[PDB]
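The block underneath contains the structure these notes are about, expressed in structure tokens.
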Amino acid sequence: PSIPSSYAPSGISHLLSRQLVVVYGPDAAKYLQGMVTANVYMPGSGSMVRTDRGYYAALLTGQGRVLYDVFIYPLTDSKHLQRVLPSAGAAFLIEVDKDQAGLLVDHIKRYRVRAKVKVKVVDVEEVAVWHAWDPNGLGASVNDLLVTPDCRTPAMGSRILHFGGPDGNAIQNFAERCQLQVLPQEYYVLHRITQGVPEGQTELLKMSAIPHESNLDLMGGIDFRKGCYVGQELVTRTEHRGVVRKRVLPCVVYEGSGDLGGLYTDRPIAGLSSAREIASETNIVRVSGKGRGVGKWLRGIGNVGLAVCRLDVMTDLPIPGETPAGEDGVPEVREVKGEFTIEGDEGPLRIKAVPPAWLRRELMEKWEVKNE
């Protein structure tokens, strides 16, 4: 609702836009494995379920497009959310957009056929999704709190599941212990944006978002070495054959003049704030007027936001499979030509892509692998 008055480098927020779904039954692990992009099993074993307290993943369509971007929390420790116990197989908490929780349950229900799998929404009162971030780190499973790192970026922070209830003291004690300010959700969104991480179906459009454009390869949510799953063919073909020229990047809105958080302000530019660029898919264009369409707006707050940007046009980044190597075997560095703005706007508004350091390093790695 509100616009953060400043950037918060640390804090903790109740993720009201996120809700958990529980998946359990004898076939839960096998059924999930064919459904999500992440490996449900531990490496080197096809049967042993991961006991990592939480990991990033995505559900895709048959056409390889993003359906739901989720976190998966393996559930083994006596958690009362199954009040009495149908199954002793395996149980999984799947964190999805609150608006998508019921739709996720229905999707899991209708595709099971014979899979001995049960699925239902978890009341936000029973288990609540929080997130905390701090430059000096956190990250586990103490009585009412599941704390696990968000590994999409080095500095995303930690996902936190609160199992007690609303009228508990676990979160407030955690924030006081970790010297974190309890902040409304939009401060987490600002932290997300400055890290370059898209999240939810307002930003990763349901059945439309492209995994590699959404950086699901760079954020650790896709296992390319696991077997078949829904949508693997088109993800795999892009990984091996594709040349990804468009990726989600954080952008700054400015007037003609974590790293990005130092540039954040809540003051208007020409519009009131970045949330008012058309709620999705506004074109970014060169200011000159030539070759309209070099990016698509996703979502913003203040003077920052996320956009699917043409890397070859708006950025410095090496494009794996395209950018030629120099004499020393490192990719050539091309300069960004000119400035950019919103389609139609002939005013002084400008948009600048600011690639995160983590994305730049990982694109360098992918360039090296594709080069050899």
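So you can find residues: chains in the structure tokens are A, B, ... in the order shown, residues in each start at 1, and ligands are numbered from 1 in order.
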Hey, could you make a per-residue contact list for range 122-171 of chain A against range 12-20 of chain A with 8 Å as the cut-off, showing the nearest pair of atoms and its distance in Å to one decimal, counting only C-alpha atoms, sorted by chain and number, as CSV?
```
residue,atom,partner,partner_atom,distance
A:122,CA,A:20,CA,5.5
A:123,CA,A:20,CA,7.7
A:124,CA,A:19,CA,6.5
A:127,CA,A:20,CA,7.5
A:128,CA,A:19,CA,7.3
A:129,CA,A:15,CA,5.5
A:130,CA,A:14,CA,4.5
A:131,CA,A:12,CA,5.5
A:132,CA,A:12,CA,4.0
A:133,CA,A:12,CA,6.4
```
DSSP strand (DSSP E) residues within range 129-370 of chain A, as a PyMOL selection string: chain A and resi 129-133+141-142+145-149+158-162+246-255+283-286+295-301+304-310+340-342+349-353
Selection near residue 277 in chain A, 12 Å with only C-alpha atoms, sequence-local residues under 2 positions removed, as an NGL selection string: :A and (253 or 269-275 or 279-284 or 296-307 or 341-345 or 349 or 351)
Shell of 7 Å around residue 352 in chain A, only C-alpha atoms, local chain residues under 3 positions omitted, as a PyMOL selection string: chain A and resi 251-253+340
Polymer residues at most 12 Å from residue 115 in chain A, only C-alpha atoms, same-chain spacing of 4 or more positions, as a list in words: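 Neighbouring residues, sequence-local ones excluded: residues 23, 24, 25, 26, 27, 28, 29, 30, 31, 32, 34, 89, 108, 109, 110, 111 and 119 of chain A.
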Expected file: the selected residues, N, CA and C atoms, as a compact mmCIF listing (two decimals), in the first residue's frame:
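What ended up in out-v9.txt:
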```txt
# COMPACT_ATOMS: atom_id res chain seq x y z
N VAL A 23 1.53 -30.55 1.08
CA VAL A 23 1.41 -31.71 0.20
C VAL A 23 2.00 -32.91 0.92
N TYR A 24 1.20 -33.97 1.05
CA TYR A 24 1.60 -35.11 1.86
C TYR A 24 0.96 -36.37 1.31
N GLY A 25 1.47 -37.51 1.76
CA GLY A 25 1.01 -38.79 1.29
C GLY A 25 2.17 -39.68 0.89
N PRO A 26 1.87 -40.96 0.64
CA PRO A 26 2.94 -41.89 0.25
C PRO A 26 3.70 -41.46 -1.00
N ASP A 27 3.02 -40.84 -1.96
CA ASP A 27 3.63 -40.50 -3.24
C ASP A 27 3.99 -39.02 -3.35
N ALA A 28 4.03 -38.29 -2.23
CA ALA A 28 4.20 -36.85 -2.30
C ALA A 28 5.54 -36.46 -2.93
N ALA A 29 6.63 -37.11 -2.50
CA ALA A 29 7.94 -36.75 -3.02
C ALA A 29 8.06 -37.08 -4.51
N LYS A 30 7.62 -38.27 -4.91
CA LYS A 30 7.69 -38.65 -6.32
C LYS A 30 6.80 -37.76 -7.17
N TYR A 31 5.60 -37.44 -6.68
CA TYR A 31 4.69 -36.58 -7.43
C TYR A 31 5.25 -35.17 -7.58
N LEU A 32 5.81 -34.62 -6.50
CA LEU A 32 6.41 -33.29 -6.57
C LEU A 32 7.59 -33.25 -7.53
N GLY A 34 8.19 -34.78 -10.33
CA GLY A 34 7.78 -34.58 -11.70
C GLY A 34 7.03 -33.30 -11.96
N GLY A 89 4.08 -41.30 4.00
CA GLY A 89 5.27 -41.06 3.21
C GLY A 89 6.06 -39.84 3.67
N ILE A 108 -2.63 -29.15 -8.15
CA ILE A 108 -2.01 -30.36 -7.60
C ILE A 108 -3.04 -31.49 -7.52
N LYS A 109 -4.29 -31.15 -7.18
CA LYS A 109 -5.33 -32.17 -7.06
C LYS A 109 -5.64 -32.83 -8.40
N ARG A 110 -5.85 -32.03 -9.45
CA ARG A 110 -6.39 -32.57 -10.69
C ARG A 110 -5.37 -33.37 -11.50
N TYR A 111 -4.08 -33.20 -11.24
CA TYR A 111 -3.06 -33.90 -12.02
C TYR A 111 -2.51 -35.14 -11.33
N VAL A 119 -3.55 -32.77 -0.40
CA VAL A 119 -3.11 -31.39 -0.52
C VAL A 119 -4.22 -30.47 -0.04
```
8 Å contact set for residue 152 in chain A, only C-alpha atoms, chain neighbours under 4 positions out, as a VMD selection string: chain A and resid 56 156 197 218 to 221
Kindly save the residues from that selection, with N, CA and C atoms included, as a CSV table (one decimal), in the first residue's frame.
```
chain,number,residue,atom,x,y,z
A,56,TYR,N,14.3,-23.0,-3.1
A,56,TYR,CA,13.5,-22.3,-4.2
A,56,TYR,C,13.2,-23.3,-5.3
A,156,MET,N,19.8,-12.1,-0.2
A,156,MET,CA,18.3,-12.0,-0.1
A,156,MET,C,17.9,-12.1,1.3
A,197,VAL,N,15.4,-9.7,-7.7
A,197,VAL,CA,14.6,-11.0,-7.6
A,197,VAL,C,13.1,-10.7,-7.9
A,218,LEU,N,19.7,-18.7,-12.8
A,218,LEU,CA,20.7,-18.0,-12.0
A,218,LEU,C,20.3,-18.0,-10.5
A,219,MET,N,19.1,-18.3,-10.1
A,219,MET,CA,18.7,-18.1,-8.8
A,219,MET,C,18.6,-19.5,-8.1
A,220,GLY,N,19.1,-20.6,-8.7
A,220,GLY,CA,19.2,-21.9,-8.1
A,220,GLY,C,17.9,-22.7,-8.0
A,221,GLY,N,16.8,-22.2,-8.7
A,221,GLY,CA,15.6,-22.9,-8.6
A,221,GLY,C,15.4,-24.0,-9.7
```
From A:98, A:187, A:11, A:246, residue lying nearest residue 136 in chain A [only C-alpha atoms]: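 Answer, going by the shortest atom-to-atom distance: A:11.
Between residue 44 in chain A and the residues A:276, A:317, A:226, A:338, the shortest atom-to-atom distance, using only C-alpha atoms, involves A:226.
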Of the listed residues A:67, A:354, A:84, A:103, that which approaches residue 205 in chain A most closely, counting only C-alpha atoms: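 Distance minimum relative to residue 205 in chain A lands on A:67.
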Nearby residues (only C-alpha atoms) at most 7 Å from residue 206 in chain A, same-chain spacing under 3 positions excluded, as a PyMOL selection string: chain A and resi 66-68+201+209
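CA of residue 291 in chain A to CA of residue 214 in chain A spans 23.4 Å [interatomic distance, one decimal].
Using only C-alpha atoms, the shortest contact distance between residue 255 in chain A and any of A:79, A:240, A:267, A:65 is found at A:267.
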CA of residue 40 in chain A to CA of residue 242 in chain A, distance in Å rounded to a single decimal: 26.1 Å
